[PDB]
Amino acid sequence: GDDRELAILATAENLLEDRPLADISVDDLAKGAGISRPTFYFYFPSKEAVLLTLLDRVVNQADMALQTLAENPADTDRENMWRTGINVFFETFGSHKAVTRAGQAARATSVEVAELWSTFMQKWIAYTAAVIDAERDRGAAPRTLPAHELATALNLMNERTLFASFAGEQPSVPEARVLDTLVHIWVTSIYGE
């Protein structure tokens, strides 16, 4: 039951590595999951709902990893603090490139996908701003831009930059350079005047 659901989700993530959702049939999903078409429709209303669930899983994995880090202060300098945090997203989304690529595309055509991404971006921005504010309150960061506005632009930079790198877009930062690139921009913009 739960196991036929997991098989459908696994089949979908596998087929998205090779082609876009548009080119994947419900037949392809049911065949890969070893069920019939009408059995598929018991578990999901459409191939679009499958992608929504895959993206929901990946986004919550990143969020839950960030929560784990927020509980356990890693014993490091300000640069390493931000690098470990950005790295949650680099590794989580980087480990699910096909779901990442298809989910970002679906935002255009799915209000549920757009709303999921929006909800988590607001959470990540809020957390970023809360850390910047703590750094200002302890005297480690200068009171420059409004923290929420700075957090918003930095999170949008990471969204666009990591997705471009993982998709191999032209232009993009090479994947093996993107973490250093983003950490430099975060640290200089948070701590600089």
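The first residue of the shown sequence is 1; numbering continues from there. What we label the rigid core is the largest C-alpha set whose atoms superpose within 1.5 Å from one form to the other.
Asker: Could you say which moves further from this form in 9 other deposited structures of this protein, stretch 97-105 or stretch 68-76, by root mean square CA distance after aligning on the core?
Answerer: With the rigid core fitted, 68-76 is the stretch that strays more in 9 other deposited structures of this protein.
Asker: Mean C-alpha B-factor higher for 161-169, or for 134-142?
Answerer: Stretch with the higher mean C-alpha B-factor: 134-142.
Asker: Comparing 150-158 with 36-44, which stretch shows the greater average C-alpha B-factor in the deposited entry?
Answerer: On average, C-alpha B-factors are higher across 36-44.
Asker: With respect to the C-alpha temperature factors reported in the PDB entry, which of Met121, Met81, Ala105, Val99 ranks highest?
Answerer: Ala105 has the highest C-alpha B-factor of those listed.
Asker: Taking the values straight from the PDB record, which of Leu55, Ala62, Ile125, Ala30 has the highest C-alpha temperature factor?
Answerer: Largest recorded C-alpha B-factor: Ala30.
Asker: Considering only modelled residues of the same chain, in which third does the CA B-factor of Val50 rank: lowest, middle or highest?
Answerer: Answer is middle: the recorded C-alpha B-factor places it there.
Asker: Just say lowest, middle or highest third for the CA B-factor of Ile8 relative to the other modelled residues in its chain.
Answerer: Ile8: CA B-factor falls in the middle third of its chain.
Asker: What third of its chain, lowest, middle or highest, does the C-alpha temperature factor of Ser95 fall into?
Answerer: Its C-alpha B-factor, which the entry lists for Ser95, ranks in the middle third among residues of this chain.
Asker: Thinking about Cα B factors across the chain, which third does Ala129 belong to?
Answerer: Lowest third of the chain for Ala129's C-alpha B-factor.
Asker: Taking the chain's C-alpha temperature factors as the reference, tell me which third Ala74 falls into: lowest, middle or highest.
Answerer: Its C-alpha B-factor, which the entry lists for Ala74, ranks in the highest third among residues of this chain.
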